[PDB]
Every structure is written in structure tokens, then in C-alpha cells.
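Comments concern the structure below.
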Amino acid sequence: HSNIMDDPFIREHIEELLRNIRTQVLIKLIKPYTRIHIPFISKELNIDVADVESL
Amino acid sequence: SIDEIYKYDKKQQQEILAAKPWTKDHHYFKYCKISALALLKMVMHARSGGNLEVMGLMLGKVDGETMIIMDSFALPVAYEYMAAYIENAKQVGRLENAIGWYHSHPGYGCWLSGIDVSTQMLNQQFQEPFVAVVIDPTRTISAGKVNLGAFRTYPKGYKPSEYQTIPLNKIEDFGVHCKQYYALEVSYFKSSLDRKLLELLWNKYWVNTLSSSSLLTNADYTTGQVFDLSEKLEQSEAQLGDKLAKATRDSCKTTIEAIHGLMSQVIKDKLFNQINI
Amino acid sequence: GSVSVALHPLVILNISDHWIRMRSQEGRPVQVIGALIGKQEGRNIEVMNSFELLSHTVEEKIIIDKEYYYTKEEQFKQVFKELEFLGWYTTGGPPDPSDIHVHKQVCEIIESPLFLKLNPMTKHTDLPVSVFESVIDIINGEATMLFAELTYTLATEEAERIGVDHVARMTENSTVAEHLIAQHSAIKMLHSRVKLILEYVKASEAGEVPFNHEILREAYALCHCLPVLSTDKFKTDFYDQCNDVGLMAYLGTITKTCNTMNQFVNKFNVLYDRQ
Amino acid sequence: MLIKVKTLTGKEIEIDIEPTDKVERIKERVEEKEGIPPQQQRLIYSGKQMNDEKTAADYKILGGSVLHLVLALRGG
Amino acid sequence: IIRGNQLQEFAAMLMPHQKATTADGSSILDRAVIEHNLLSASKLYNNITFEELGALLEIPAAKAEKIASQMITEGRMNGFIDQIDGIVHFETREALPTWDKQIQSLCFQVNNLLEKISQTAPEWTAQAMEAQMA
Ligand SMILES: CC(C)n1nc(C(F)F)cc1C(=O)Nc1ccc([C@H]2[C@@H](O)CCCc3cncn32)c(-c2ccccc2)c1
Ligand SMILES: [Zn+2]
Numbered sequence: 334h335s336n337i338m339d340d341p342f343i344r345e346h347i348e349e350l351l352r353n354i355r356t357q358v359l360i361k362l363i364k365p366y367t368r369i370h371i372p373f374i375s376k377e378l379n380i381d382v383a384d385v386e387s388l
Numbered sequence: 024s025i026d027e028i029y030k031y032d033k034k035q036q037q038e039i040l041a042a043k044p045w046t047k048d049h050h051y052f053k054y055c056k057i058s059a060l061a062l063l064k065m066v067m068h069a070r071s072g073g074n075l076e077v078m079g080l081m082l083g084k085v086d087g088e089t090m091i092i093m094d095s096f097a098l099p100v113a114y115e116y117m118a119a120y121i122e123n124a125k126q127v128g129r130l131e132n133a134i135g136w137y138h139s140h141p142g143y144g145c146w147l148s149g150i151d152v153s154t155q156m157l158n159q160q161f162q163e164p165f166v167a168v169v170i171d172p173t174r175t176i177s178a179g180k181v182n183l184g185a186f187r188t189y190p191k192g193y194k195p201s202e203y204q205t206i207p208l209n210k211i212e213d214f215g216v217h218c219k220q221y222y223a224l225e226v227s228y229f230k231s232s233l234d235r236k237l238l239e240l241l242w243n244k245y246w247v248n249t250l251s252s253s254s255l256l257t258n259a260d261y262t263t264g265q266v267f268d269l270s271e272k273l274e275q276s277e278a279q280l281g298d299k300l301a302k303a304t305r306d307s308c309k310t311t312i313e314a315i316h317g318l319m320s321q322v323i324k325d326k327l328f329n330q331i332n333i
Numbered sequence: 037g038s039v040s041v042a043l044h045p046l047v048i049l050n051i052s053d054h055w056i057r058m059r060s061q062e063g064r065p066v067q068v069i070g071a072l073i074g075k076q077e078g079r080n081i082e083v084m085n086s087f088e089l090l091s092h093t094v095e096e097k098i099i100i101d102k103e104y105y106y107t108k109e110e111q112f113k114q115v116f117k118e119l120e121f122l123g124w125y126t127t128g129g130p131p132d133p134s135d136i137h138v139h140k141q142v143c144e145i146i147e148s149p150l151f152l153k154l155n156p157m158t159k160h161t162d163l164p165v166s167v168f169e170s171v172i173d174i175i176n177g178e179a180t181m182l183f184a185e186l187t188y189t190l191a192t193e194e195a196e197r198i199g200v201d202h203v204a205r206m207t213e214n215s216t217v218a219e220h221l222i223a224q225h226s227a228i229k230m231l232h233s234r235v236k237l238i239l240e241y242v243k244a245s246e247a248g249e250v251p252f253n254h255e256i257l258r259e260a261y262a263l264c265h266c267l268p269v270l271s272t273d274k275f276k277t278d279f280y281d282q283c284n285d286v287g288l289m290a291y292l293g294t295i296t297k298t299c300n301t302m303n304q305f306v307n308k309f310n311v312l313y314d315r316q
Numbered sequence: 001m002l003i004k005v006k007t008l009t010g011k012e013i014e015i016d017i018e019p020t021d022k023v024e025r026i027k028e029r030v031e032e033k034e035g036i037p038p039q040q041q042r043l044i045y046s047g048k049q050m051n052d053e054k055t056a057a058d059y060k061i062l063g064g065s066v067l068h069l070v071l072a073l074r075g076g
Numbered sequence: 272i273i274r275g276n277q278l279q280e281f282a283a284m285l286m287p288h289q290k291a292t293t294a295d296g297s298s299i300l301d302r303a304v305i306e307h308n309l310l311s312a313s314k315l316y317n318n319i320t321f322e323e324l325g326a327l328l329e330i331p332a333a334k335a336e337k338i339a340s341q342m343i344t345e346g347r348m349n350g351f352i353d354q355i356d357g358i359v360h361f362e363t364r365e366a367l368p369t370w371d372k373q374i375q376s377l378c379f380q381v382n383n384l385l386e387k388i389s390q391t392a393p394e395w396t397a398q399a400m401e402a403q404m405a
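Chains B, E, F, I and D, in that order, give the protein sequences.
Residues 334 to 388 in PDB author numbering are what the first sequence spells out, letter by letter.
Residues 24 to 100, 113 to 195, 201 to 281, 298 to 333 in PDB author numbering are what the second sequence spells out, letter by letter.
Residues 37 to 207, 213 to 316 in PDB author numbering are what the third sequence spells out, letter by letter.
Residues 1 to 76 in PDB author numbering are what the fourth sequence spells out, letter by letter.
Residues 272 to 405 in PDB author numbering are what the fifth sequence spells out, letter by letter.
Structure below.
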């Protein structure tokens, strides 16, 4: 936290990250599924069920 | 006894070559009669390269408005090898001379490319009787029917659709080089006698015929045919307010193919499914 | 396989075209000599595309013009990387002493030569049987080698199959009849096979042939397999296909009716209302 | 002396030369006969392509040798 | 499908570093054998439930689905997973294409049986078909 999230040039863009990686995990996870559970996705993405729907 | 396609008459060929009747009218040649051996060897060479491209020469003669092809020999390939192999045409004992060249389009439809049309222009300019065959190996393998590509071109500085399946890539090349060549109606001739007798080896298969799996083998072919028929009919309507006859003929052939497939399926169902019920 | 000979249908068409061209050129039928090439895998023949090898047929004797074949060797090697000389073909009936002499000449080039004798004047149903090749019989004194016929197979690739199907009757005699004759022939030969199997079963039942416990078991399995795909999903798919073809026929009967109506109105506009 | 060149289709042209004439002279003669540029044209004798620098010393025929003309694209 | 009754011997000749655990209680040996069992079971099954997939491959439900989805998205295994009903669909036949291949197998049985008849009784077979057509 004191080596990455310190300067404003990286703290501001930390929001763009932790979302692209979550998108790539989500895309690969739903690849072999025809019907998947949203709460199941939340436990894999480590985010809330409401946030899964927004993503 | 019909036949009469063989027995190369030298005097008539020299007379028709010296007369040069195709110089006056540009649309002289309209019918291309490929032989059984020509097709067999052409398709075998086309499939003997897989996705790679093959090319060779095809020998034959000219009679009136028809161009008859009797034989075809492959080529090793642009280097000296092809030119050295070209001497085969005059080295063997055969009176058919050379009439054109065939080359394969593995998965790129049947049209003529820009370099292809330029080579055909040159060949027609300095070798008057010449035709280009653009058969497709992948399509005949997948659909089970041979698609022909007799595509004689127009002369330079002169001004006067069927296999439109190229999805994205080469369709641009199709559009620019489209009015530079005109297709030839391909009408196959069987020598009868010996070959008609020996065609019983087809009957020896008897299993691919009894289980043909039609109507799904060439489903994309029929969808493309209907797609072409749609704007053929739209052009017929625009002219009307005879292209309508051509559109009707195309619809009749497509429908006949579909009903033939259905008849085969019904025959198979009666033969196999309706037994021991 | 017991003798591992596999002929390709392209060779037969090659020989037929050669014979027909020579017959037309010289007026009368004439004996021809060729050269079968192919791939050898120890015990495999696998004949493929053949070339002319005209040689000579002078009077009653065949001269050794095989230098032309030697020149053709490097020529055909340029387009056929994995193909080598295997034998030669001819047109005629039973083997002749001239065939023996030509075979002796050919054995100079290759150690294991074949001898195809495609007969074009045959008038009997089954195809002329290709090659009568031999292992060469040796006896004390003169060799006096003969030919010991061994069986052949008609293995073919997919491109050859499609080409042969296209040359065969497929789409004055109407397209319906041409399409139906192929099915008639296929069903006829299948019916002949099934009828002969039934005849064997009846013969075993009566007692003409010895009871083979395995042939009748295979026949029982074949009978049990006879109702092919009788599922409810197969019926649904078949009815879907039939309905699709019916709609495709309706669209096109409509087109033909429109064309005929257009012709009728064209003829009607120049007969009654002259404007 | 007076040789004949045939194309693949079989068209024959009769061109007259001298023993010391070059192959470029052959190509120019064919140009004056039909109009084929020399760089878009290849000459074959006895199944071997002629080199573009040898003055027909081994091609001595004295009786009108038959030459083979093959059209080819510029530079392959 | 390789069971656990034929794998104890193979672990004997394995090198010691090849017996390492993958932080899940499963050795390397019994991780490529459950993937192999899953791929092999795709050929004997049209669709299998999660519970029965774990009753055949051990590892009942926690990682049976995870391995199944891991083999897919990599091209190693063809199929799709319906998590609501807990069924893994492997590969299905479209009825009509199956009809053609079943017909071909039926015709091949006729040809194979034809050879057997001729082999056993060449004399009886020969005279049979000639008079049959006439
Ligand atoms: C008849 C032969 C000897 N020939 N004569 C003359 C003429 F100049 F005399 C000219 C020629 C001659 O080889 N042309 C030619 C041109 C282009 C291609 C390739 C080229 O574009 C590359 C992309 C693929 C392609 C799709 N369609 C044509 N091609 C080929 C060719 C086709 C198949 C295999 C090998 C070569 C031959
Ligand atoms: Zn091309």
C-alpha cells in the first residue's frame, strides 16, 4: 500500500485496474456455460452480487 | 455410335485457326466441353494440394462456338521447371495441341483474380484460342458437386454473381475484376462406348448413394443460390417495370435439387425405417 | 488383403481414353502398351495415374523403345514426388506370348512388374479384371514363365469418388429419371445381396450347406439392426426436412406461375389493346 | 538459316536468320512477326530454355529447327 | 477410465518430485488421471450430472465442475455446462447424420456377411447370383 497506492498517478488508475482483470476472469469463467448463477460468479470475482449485475 | 469428338482432323483445325472467326465478334466462345479424363485429373490435382494452389495446362480443340477439352497435364509448380515441363505438350504423340490452363482456388470461390485476368488477357492476345478453368477443390469436396470455372476474358479497351460465397476477404477483388471476363456454359461430354461401359465402377460403390446425407451436405450452396436468386428476381422486376426467364430457370434447378434430395431421403426411409416395425 | 493389389479408377479411364484415341486415329482398334506407377509399401501395390509409353508394335514384334520411358521418368518425377514405376497395361483378351516377351523386357527395368490387360471388347456384366501379374515360375531348362492371376481391389479417394460420380449418370430423359435410375441400381444391388444372404439362410435351414454357427448369428444381428433410427426425434427431424423442402417447392412453383403469367400478359397486350 | 517457331497452341511462324545471329535477334524477329515483347517471351529447344547470351553455335540445324515459344509474365 | 486399483503400482516408479501435492490434497499423478477420466468419459456419455460425475471420478462436486469447466475454454474438451440443473453436456448427434452412418454400417454388415458366405462355400456361392437375376 505504501509502494503502489501512494502517488496520485497510480492511485487514480487503480480503479481502471481491478475491473479489467475482473472482466477477463468473468469472460473466461462464463465461456463453457449456457446457464450460470450470478451468486456463483460473485464468489469467483470476490465482489458483491449487486456489483456482479452492474459489471 | 455418336462419338465423333475424337479423330482429330488436322485440315479442319488449321482451316478454323487460319480463318480466325473470333477476331470479329468478341462473344464467339460460349460453350466449354470438358472430358471425363480432364475432370478426373483436374480434380485429383486440385485436391492433391489441399489448401495449397495447383496449376497446369489442358489440351483440346475448337469446333465452331464450342471448345472441347480432351486431356490435361499438371505442372511441377514460375522457375525454369514449368517451362521445361511445358515441352511435354509437343514431346508426346498427341494431336490435341493445347487449349488452355487450369488452376485451383482452395476455398476462394471460383472467380478470376486480377493477376489471373491479366495472364488470360496476355494468353488470348498472343495465343488466340485460350480458356481459363478456376475449379475449387474445397467446395466440391464439402458439397459433393463439382463447380466449374471456364472464365474467358474480354480484350483490352473493350466494354460490353454465381458463386458469391467469399465472406469478407477476397470479395473486394471480385468486385473490381468482374466485368473483365465472362463465364462459359460447361457441358460435359462422355465418349460413350468404352467409358460408358466402364462406368459400372460407380455402381460398385452403392453405399455412398444409399446413404448420401444430402440437403445438409450442400445447405450453404442452396442458401447462396437463393441469395443470388433474390436479386436476380429483383433485377427482373426492375427491368419489367429476358431476366425473368433466367431467374425462373435458376429457381427451377434449385427446387429440383431440393426435391431430388427429399426423394432420396424418402426412398431411404421406406427402405430402412419402414422394415420390421 | 491376401495379395494387396489396389487399383485406382483413374487408371481404367486413362487406358480407355488411350484406346479410344488410338482407335479413332488409326481407324481400327489397336493394341496399346502403358506403364502403371504407384506406391509400394512392401506388400501393397496401389496403382495410380498411368502414362502413355507408346514404344513400338511393329509387325508381330515389340521393340525396346524404353529410352522414351527413361526420358518420361524424370518428367513424371517432377509432378509425382512419391510415385515409382510398378508395371504396364495392355488392351486385349487372354495373355499372349507377345505379352510374355514384353513382360520379359519390362523385368529389365523393375524387379516386380505387373501386367494389366483391360479388355474393351468384353460383353459380360462384371468388370474386366485388371492385372494378371505373376511371381514368375521357374522350371529346369527354359523358364517358360506364366501369369498367376491374383485378386484386385478398387480403393479410391474422395476426389476420385466425386469425379466418378459426376461422370456417372447424375444431375430428353428428364432429370427425375436420371436421378431415380442411380437409386434404382443401388437398391437393386442391395436387394441382390440381401436376397443371396436369404438364400444362404434357407439353404442352411434345409440342409444343402453345412451349419455355420457364426454366419447365422451375424444374419440375426443384421435382421435385428434393420429398423434403423425409429426414434421420435428422427421423425421430427424428417418431418421438418420434408416441410422445408415443401416450402422450397412452393417458392418456385410460384416463380414459374409468375413467369407464365408474365408471358400471358405480354401476349395479351399485343392482341387486344393495340397501344 | 530459316527456322520455325511454334507456340503452345500450335501457331507456326517462319523467321529467317544467319548463323551468327543472337537470341535477342530471334526475339526481335518474333516481335516484328506478331508483337510479343522480348522480356515477355521464352524460347525452348530440345526441352531446355535458351540462355540469353549465346549465338546459336550449338543450335546448328541447317534445316529449320523447330523452336518452342512460351508466353510468361514480366520477371516471372 | 483408469481406476485407483491400477495406479498404485505406477506411483512406485514415479520420481520423488513427481509425487508433489498441488495444494489441494491431490498428487500430480491423481490430477492428470482425473482429467484423463473426464475426457474419456465424454465419449461414453452424452450428458452427466455433477453428483454422478463425482461418484465416478471421486471428488464429488466441489472440483468436478471446476475441472470440467477448466478443460473447456482451453480446447482440451468439447462441451457446455448448465449450472442450474447441474448437467455437463458433452456431445450430441443430430439424428439425421446419425441415420446415414447407421445405414452405412448396415450396408457394411451385408458386405462382410457376403464375404463369409463365399469363403465357406465357394462352389455354392458361385452358381447362386447368376441365376438369381435371371
Ligand atoms: C499457363 C501458365 C504457364 N501461365 N501463362 C501465363 C502467361 F503469362 F503466359 C501466366 C501463367 C501463370 O502461371 N499464371 C499464374 C498467375 C497467378 C497464379 C497465382 C498467384 O496469383 C498467387 C496467388 C494464388 C492465385 C490465384 N489465382 C492465381 N494465383 C498462378 C498459380 C496458381 C496456382 C498455383 C501456382 C501458380 C499462376
Ligand atoms: Zn486464381
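Virtual Cβ for every residue (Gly too), placed ideally from N, Cα, C.
Q) In the structure shown, what three-state DSSP assignment does E/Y245 receive? A) coil
ask   = By Cβ distance below 8 Å, which residues in the same chain neighbour I/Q40 in space, the five residues on each side in sequence not counted?
value = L71, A72, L73, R74
Per DSSP, which residues does E/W136 bridge with? Please list them. Listed as beta-bridge partners of E/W136 by DSSP are E/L80, E/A167.
- Message: Are the CB atoms of E/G79 and E/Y31 within a distance shorter than 7 Å?
- Response: In this structure, E/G79 does not lie closer than 7 Å to E/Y31 by Cβ.
Check whether the Cβ of D/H307 sits closer than 6 Å to any heavy atom of ligand 2, and report yes or no. no
**Item:** Cβ contact check for the region 55-66 of chain I and the region 138-146 of chain E: 3 or more pairs under 8 Å
**Value:** no
- Residue span of the alpha helix (DSSP H) that contains E/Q37, given as start and end: E/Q37: member of the alpha helix (DSSP H) spanning 33-42, first to last residue.
Where E/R187 falls: helix, strand or coil (DSSP):
coil
I/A72 beta carbon near ligand 1 (any heavy atom closer than 6 Å): Because some heavy atom of ligand 1 lies under 6 Å away, the Cβ of I/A72 counts as near it: yes.
Original post:
With burial defined as no fewer than 16 other Cβ atoms inside 10 Å of the residue's Cβ, what is the status of D/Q403: buried or exposed?
Top reply: exposed
Comparing the C-beta of D/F351 with each C-beta of chain B, is any distance below 7 Å? yes
Which residues, in chain order, does the region 235-264 of chain E contribute to contact with chain D at a C-beta distance below 9 Å?
-> Listed by position, the residues of the region 235-264 of chain E near chain D (Cβ gap below 9 Å) are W246, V247, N248, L250, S251, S252, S253, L255, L256.
- Query: If we cut at 7 Å on Cβ distances, does E/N132 have a partner in chain F?
  - Reply: So no, E/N132 is outside the interface.
- Given that a residue counts as buried once 16 or more other Cβ atoms are within 10 Å of its Cβ, and exposed if not, what is E/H316? buried
_DSSP three-state label for F/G74, please._
Collapsing the DSSP output to three states places F/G74 in a strand.
When every heavy atom of ligand 1 is checked, does at least one fall within less than 6 Å of the C-beta of residue 346 of chain E?
As displayed, chain E neither begins before 24 nor continues past 333, which places residue 346 of chain E out of reach and without an answer.
Rounding to the nearest angstrom, what Cα-Cα distance links E/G135 and E/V166 in this structure? 5 Å
Exercise. Are the beta-carbon atoms of F/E82 and F/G74 separated by less than 7 Å?
Worked result: Closer than 7 Å, so yes.
Rounded to a whole number of angstroms, what is the C-alpha to C-alpha distance between F/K229 and D/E365?
29 Å
From this set, E/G83, E/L280, E/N329, which residue's C-alpha is nearest F/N307's C-alpha? E/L280
- Task: Name the two residues that bound the continuous beta strand (DSSP E) containing E/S95.
- Result: Residues 89-97.
Taking 7 Å as the limit between beta carbons, can you name the residues of its chain near F/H137, skipping five residues before and five after?
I98
### Message
What I want to know is whether the C-beta of E/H140 ends up closer than 6 Å to one or more non-hydrogen atoms of ligand 2.
### Response
yes
To the nearest angstrom, how far is it from the Cα of E/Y54 to the Cα of E/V226? 6 Å
- Message: Taking a contact to mean a Cβ-Cβ separation below 7 Å, would you say F/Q282 touches E/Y120 in this structure?
- Response: Cβ atoms of F/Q282 and E/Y120: not closer than 7 Å.
Legend entry - Rounded straight-line distance, which links the Cα of D/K290 to that of D/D371: 48 Å
For the beta strand (DSSP E) that D/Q279 lies in, which residues bound it at each end? Counting along the chain, D/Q279 falls outside any beta strand (DSSP E), and DSSP gives it neither H nor E.
Who are the Cβ neighbours of F/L257 in its own chain at under 8 Å, not counting the five residues just before and after it?
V242, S245
- Which residues of chain F have a Cβ atom closer than 8 Å to the Cβ of D/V381, listed in chain order? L231, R234, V235, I238, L263
* CA nearest to the CA of F/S166, picked from F/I175, F/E88, F/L150, F/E118 -> With distances taken between Cα atoms, F/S166 lies closest to F/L150.
> For F/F183, which residues from the same chain have a beta carbon less than 6 Å from its beta carbon, with the 5 sequence-adjacent residues on both sides left out?
Replying inline: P131, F168, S170
Discussion item. Assess contact between the region 336-344 of chain D and the region 214-229 of chain F, defined as three or more Cβ pairs (one per stretch) separated by less than 8 Å. Is contact present?
Written reply: no
Notebook entry, point to check: Going by the beta-carbon positions, is the gap between I/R29 and I/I15 smaller than 7 Å?
Noted result: yes
Worksheet item: Taking Cβ positions, are I/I44 and E/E131 nearer each other than 7 Å?
Response: no
Within the same chain, show all residues whose beta-carbon is closer than 8 Å to that of F/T192, passing over the 5 residues directly before and after it, in chain order. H44, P45, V200
D/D295 to D/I330, Cα distance in whole Å?
11 Å
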